[PDB]
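The next block holds one structure in the form of structure tokens; read it before the comments.
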Amino acid sequence: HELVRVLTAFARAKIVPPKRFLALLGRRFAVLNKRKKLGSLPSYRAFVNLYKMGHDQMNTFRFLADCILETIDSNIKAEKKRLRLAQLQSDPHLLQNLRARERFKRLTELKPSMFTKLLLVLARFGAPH
Amino acid sequence: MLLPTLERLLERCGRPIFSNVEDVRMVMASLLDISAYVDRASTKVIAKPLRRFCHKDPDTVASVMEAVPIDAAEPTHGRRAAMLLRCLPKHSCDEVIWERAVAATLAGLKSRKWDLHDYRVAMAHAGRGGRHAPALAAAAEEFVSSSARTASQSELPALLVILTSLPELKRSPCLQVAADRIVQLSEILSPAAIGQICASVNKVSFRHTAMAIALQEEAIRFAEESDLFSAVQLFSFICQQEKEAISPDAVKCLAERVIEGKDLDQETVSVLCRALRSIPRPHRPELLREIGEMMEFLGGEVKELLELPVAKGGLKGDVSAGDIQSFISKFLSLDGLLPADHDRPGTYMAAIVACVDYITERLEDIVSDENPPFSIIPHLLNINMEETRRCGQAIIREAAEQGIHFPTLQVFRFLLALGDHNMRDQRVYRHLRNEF
Amino acid sequence: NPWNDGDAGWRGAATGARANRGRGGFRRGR
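Just so you know, the protein sequences line up as chains 11, 9 and 13, in that order.
As numbered in the authors' numbering, residues 375 to 464, 523 to 561 make up the first sequence, in order.
Residue numbers for the second sequence follow the authors' numbering, so the first one is 1 and each next one is one higher.
Residue numbers for the third sequence follow the authors' numbering, so the first one is 109 and each next one is one higher.
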């Protein structure tokens, strides 16, 4: 998270460090993620920062997308296992929209617009569907 | 009578005591002028500080050269043209001074008035960069030729060190001429110089069968007279030769000589590993005993180096991934030499356990490098030992832990290894499935 | 496509399918 804050500070400064520096930062992200898992929202912030400062290396984008997706699927699996354990022991339109938005924000830790723009960026970079 | 005072000043000038640029310039100019009137014993005494200064301040070297021009009409000037080439840094030196030194060296070679030792000291460092004037070697192709038929046993290394200075010299027929002259003096041996000859000629892959037969003919003499460095260089050059030239009985004496070398640099260990790897297959069945006995103490030496601290030449704090990967890869390819059913020489598997536990104690940082030694994974897995496959499993698991993206061919090869050795880890399974 | 990152992959691999789509005679030999 300190490295994420460093990248955000550099993005605010509108100054682009060398490419090898950002590659080293991404490799440190990869190494340090085991001891302390990186959140989905900081991963999104780092993804936006790295994309804005012209970091061509696709490996960091792959790693950040993996970090987002692992958290999303872990949360989904957690809710599904809670439901399975429970079953083993055993305007309305506006309200439904609000409940769906709350559920999506709880699962993905991100607003739907930012998730969709992440998907659009991945599509532009040629990732598989 | 100025030798003690000048040597004391040379020792003292290494530290940054003089705080003036002009003082430094004048001291460098005086040293360059006075290096022409000292013996070879004090040569390094001039070279070591100047080189450091040349490493510290390569820019002032241009002004020093302007103050002290090079003249090829005096023998004493040879050291002047020999030290500076060593003094100038290999990669952090400007182009102008290098080109000027190249022109001065070409003029000195055209003069032919200098001393052969001066030619050695000059060219052995002029061949470090070789960035400009590609005709040098071609011009050198004549400089050696005039001395091709006159170099004695103690003068052949002088010409050969020059002959191996440039890549453009890898196709020089003067190497063949030197081989013919070695044939002329085949029986006449110099144990201190034959090692230098072998160390010079190993760079070029050229093979002259008759000369190698001549060198291995008198291995009885080389059992005592030849030193350890000469022994290892001669053994490498001999095994590198063709199958017809290699004498199976003669190469045994060199191997017996190299036994019990005690303190050996890791570079010569790698050289011995390559030497064992470069033995023709038909000769291996008759020399399994030699490979095994070399194996026995090679394992002990590499284990000692792994335990030895980096300061004394070990790998306790080793960080060069590209170096450890090559060292261990050569070590395990040396294991690949032996037959699968053949029982491994004793106390070698102890060195294997030392290698694997050392490579497992540092796992995150090794993979953290820009080019992690993923290519060492097959080398580990080609060995029929539980520990090797376990270490490969651990390496692939760590790689999964970082979630490093893999090329599809590497994914397929890792899956093939997974199927081949029937590993039962799950995190590796999930990551490999995702990557595929 | 940037996601390829200079990796031809299976389309540029050595597989038998890719090696079976040319008629050179294999005379010179790799």
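Backbone N, C-alpha and C fix where the C-beta goes; we use that ideal spot for every residue, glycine too.
Cutoff 6 Å; reference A158 (chain 9); Cβ partners in own chain excluding five residues on either side
Taking the second sequence and counting its residues from 1, one reaches residue 158 (chain 9) at position 158. Excluding sequence neighbours, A158 (chain 9) sits near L116, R120.
Between the region 109 to 120 of chain 13 and chain 9, which residues of the former have CB atoms less than 8 Å from a CB of the latter, in chain order?
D115, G117, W118
Limits of the unbroken alpha helix (DSSP H) element including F435 (chain 11)
Taking the first sequence and counting its residues from 1, one reaches residue 435 (chain 11) at position 61. Unbroken alpha helix (DSSP H) run through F435 (chain 11): 432 to 463.
Let me see if you follow: with CB-CB separation under 8 Å, is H405 (chain 9) close to chain 11 or not?
Position 405 of the second sequence holds residue 405 (chain 9). It does; some Cβ of chain 11 falls within 8 Å.
I'd like to know whether the C-beta atoms of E401 (chain 9) and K408 (chain 11) end up nearer to each other than 8 Å.
Residue mapping note: residue 401 (chain 9) aligns to position 401 of the second sequence, counting from 1. Residue mapping note: residue 408 (chain 11) aligns to position 34 of the first sequence, counting from 1. Yes, these two residues count as a Cβ contact at 8 Å.
Cα separation between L2 (chain 9) and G14 (chain 9)?
Here the question's residue 2 (chain 9) lines up with position 2 in the second sequence. Here the question's residue 14 (chain 9) lines up with position 14 in the second sequence. Across the structure, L2 (chain 9) and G14 (chain 9) are spaced so that their CA atoms are roughly 19 Å apart.
Close Cβ partners of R131 (chain 9) (< 7 Å) along its chain, the five nearest in sequence each way excluded
For the purposes of this step, residue 131 (chain 9) is taken as the residue at position 131 of the second sequence. Cβ within range, chain order: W98.
Contact set between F437 (chain 11) and chain 9, taken where Cβ atoms lie within less than 9 Å
Counting from 1 along the first sequence, the entry for residue 437 (chain 11) is found at position 63. What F437 (chain 11) touches in chain 9: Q402, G403, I404, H405.
What residues from chain 9 crowd round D440 (chain 11), counting only those whose CB sits closer than 8 Å?
What you label residue 440 (chain 11) is simply residue 66 of the first sequence in a count that begins at 1. Chain 9 residues near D440 (chain 11): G403.
Is it buried or exposed for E301 (chain 9), if we count other Cβ within 10 angstroms and need 16 for buried?
Along the second sequence, one-based indexing puts residue 301 (chain 9) at 301. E301 (chain 9) should be labelled buried.
Answer yes or no: does any C-beta atom of chain 11 fall closer than 8 Å to that of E364 (chain 9)?
Looking up residue 364 (chain 9) in the second sequence gives position 364. Closer than 8 Å to some Cβ of chain 11, the Cβ of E364 (chain 9) qualifies, so yes.
Beta-carbon separation of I246 (chain 9) and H283 (chain 9) under 8 Å?
For the purposes of this step, residue 246 (chain 9) is taken as residue 246 along the second sequence, with counting starting at 1. For the purposes of this step, residue 283 (chain 9) is taken as residue 283 along the second sequence, with counting starting at 1. Against a cut-off of 8 Å, the Cβ pair of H283 (chain 9) and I246 (chain 9) comes out as a contact.
In chain order, what residues of the same chain have a beta carbon less than 6 Å from the beta carbon of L156 (chain 9), not counting five sequence neighbours either side?
On the second sequence, residue 156 (chain 9) is found 156 positions in, with the first residue counted as 1. No residues qualify anywhere along the chain.
Can you find the residues in the same chain that come closer than 7 Å, C-beta to C-beta, to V68 (chain 9), ignoring five residues on each side of it along the sequence?
Within the second sequence, residue 68 (chain 9) is the residue found at index 68, counting from 1. Excluding sequence neighbours, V68 (chain 9) sits near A29, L32, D33.
When you compare the CB positions of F237 (chain 9) and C198 (chain 9), do they come within less than 8 Å of one another, or not?
For the purposes of this step, residue 237 (chain 9) is identified with residue 237 of the second sequence, where counting begins at 1. For the purposes of this step, residue 198 (chain 9) is identified with residue 198 of the second sequence, where counting begins at 1. Yes.
Which residues in the same chain as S278 (chain 9) place their Cβ atom closer than 7 Å to its Cβ, once the five residues preceding and following it in sequence are excluded?
One-based indexing of the second sequence puts residue 278 (chain 9) at position 278. For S278 (chain 9), where only same-chain residues beyond five positions count, the Cβ hits under 7 Å are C239, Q240.
Runs of alpha helix (DSSP H) lying entirely within the region 248 to 315 of chain 9, each at least 4 residues, in chain order:
DSSP runs (the alpha helix (DSSP H)) wholly in the region 248 to 315 of chain 9: 251 to 258, 266 to 277, 284 to 307.
Which residues of chain 9 have a Cβ atom closer than 7 Å to the Cβ of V405 (chain 11), listed in chain order?
Taking the first residue of the first sequence as position 1, residue 405 (chain 11) is located at position 31. Per Cβ cutoff of 7 Å: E364, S368, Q402.
Assign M123 (chain 9) to one of three DSSP states: helix, strand, or coil.
As a position in the second sequence, residue 123 (chain 9) is number 123, starting the count at 1. DSSP places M123 (chain 9) in the helix class (H, G or I) of the three-state scheme.
How many angstroms separate the CA atom of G120 (chain 13) from the CA atom of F412 (chain 9)?
Here residue 120 (chain 13) is taken as the residue at index 12 of the third sequence, counted from 1. Here residue 412 (chain 9) is taken as the residue at index 412 of the second sequence, counted from 1. Their backbone Cα atoms lie some 14 Å apart in a straight line.
In chain order, each alpha helix (DSSP H) run of at least 4 residues that lies wholly inside the region 30 to 79 of chain 9:
43 to 56, 60 to 67
Does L85 (chain 9) come out as helix, strand or coil in the three-state DSSP assignment?
Reading the second sequence from its first residue, position 85 is the one you call residue 85 (chain 9). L85 (chain 9): helix per DSSP, three-state reduction.
State the Cα-Cα distance for the pair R126 (chain 13) and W118 (chain 13), rounded to the nearest angstrom.
On the third sequence, position 18 is the one that residue 126 (chain 13) refers to. On the third sequence, position 10 is the one that residue 118 (chain 13) refers to. Computed Cα separation, rounded: 9 Å.
If you compare alpha carbons, which of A104 (chain 9), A62 (chain 9), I396 (chain 9) is closest to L363 (chain 9)?
The residue you call residue 363 (chain 9) lines up with position 363 of the second sequence. Residue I396 (chain 9) is the option with its Cα nearest to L363 (chain 9).
Count the other CB atoms, across all protein chains shown, that sit within 10 Å of the CB of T347 (chain 9); report buried if there are 16 or more and exposed otherwise.
Locating residue 347 (chain 9) in the second sequence gives position 347, where the first residue counts as 1. Looking at its Cβ environment, which holds fewer than 16 other Cβ atoms inside 10 Å, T347 (chain 9) is exposed.
Assuming contact is defined by CB atoms lying nearer than 8 Å, are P16 (chain 9) and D115 (chain 13) in contact in what I supplied?
The count along the second sequence starts at 1 and reaches residue 16 (chain 9) at position 16. The count along the third sequence starts at 1 and reaches residue 115 (chain 13) at position 7. The Cβ atoms of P16 (chain 9) and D115 (chain 13) do not sit closer than 8 Å to each other.
For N109 (chain 13), which three-state DSSP category applies?
Walking along the third sequence from the start, residue 109 (chain 13) turns up at place 1. In this structure, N109 (chain 13) counts as coil in the three-state DSSP scheme.
Can you give me, in chain order, the residues of the region 406 to 435 of chain 11 that have a beta carbon less than 9 Å from any beta carbon in chain 9?
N407, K408, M432, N433
Taking the straight line between their C-alpha atoms, what separation do you get for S190 (chain 9) and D249 (chain 9)?
Here residue 190 (chain 9) refers to the residue found at position 190 when the second sequence is read from its first residue. Here residue 249 (chain 9) refers to the residue found at position 249 when the second sequence is read from its first residue. The straight-line gap from Cα to Cα measures roughly 22 Å.
DSSP-derived helix/strand/coil call for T150 (chain 9)
Sequence index remark: in the second sequence, residue 150 (chain 9) carries index 150 (1-based). The answer is coil: DSSP assigns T150 (chain 9) none of H, G, I, E or B.
From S205 (chain 9) to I70 (chain 9), what distance separates their C-alpha atoms?
Locating residue 205 (chain 9) in the second sequence gives position 205, where the first residue counts as 1. Locating residue 70 (chain 9) in the second sequence gives position 70, where the first residue counts as 1. Cα-Cα distance, rounded: 36 Å.
Identify the contact partners of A555 (chain 11) in chain 13, using a Cβ-Cβ distance below 7 Å as the criterion.
As a first step, residue 555 (chain 11) must be located in the first sequence, where it is residue number 123. Within chain 13, no residue comes near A555 (chain 11); the closest Cβ sits about 10 Å away, beyond 7 Å.
Could you tell me whether any Cβ in chain 13 is nearer than 8 Å to the Cβ of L409 (chain 9)?
Here residue 409 (chain 9) corresponds to residue number 409 of the second sequence, with the count starting at 1. Chain 13, which has a Cβ nearer than 8 Å to the Cβ of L409 (chain 9), makes this yes.
Where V353 (chain 9) and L305 (chain 9) are concerned, what is the direct C-alpha to C-alpha distance, given to the nearest angstrom?
On the second sequence, position 353 is the one that residue 353 (chain 9) refers to. On the second sequence, position 305 is the one that residue 305 (chain 9) refers to. Approximately 14 Å, taken between the alpha carbons.
Under the rule that 16 or more other beta-carbon atoms within 10 Å means buried, what is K243 (chain 9), buried or exposed?
Looking up residue 243 (chain 9) in the second sequence gives position 243. Classification for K243 (chain 9): exposed.
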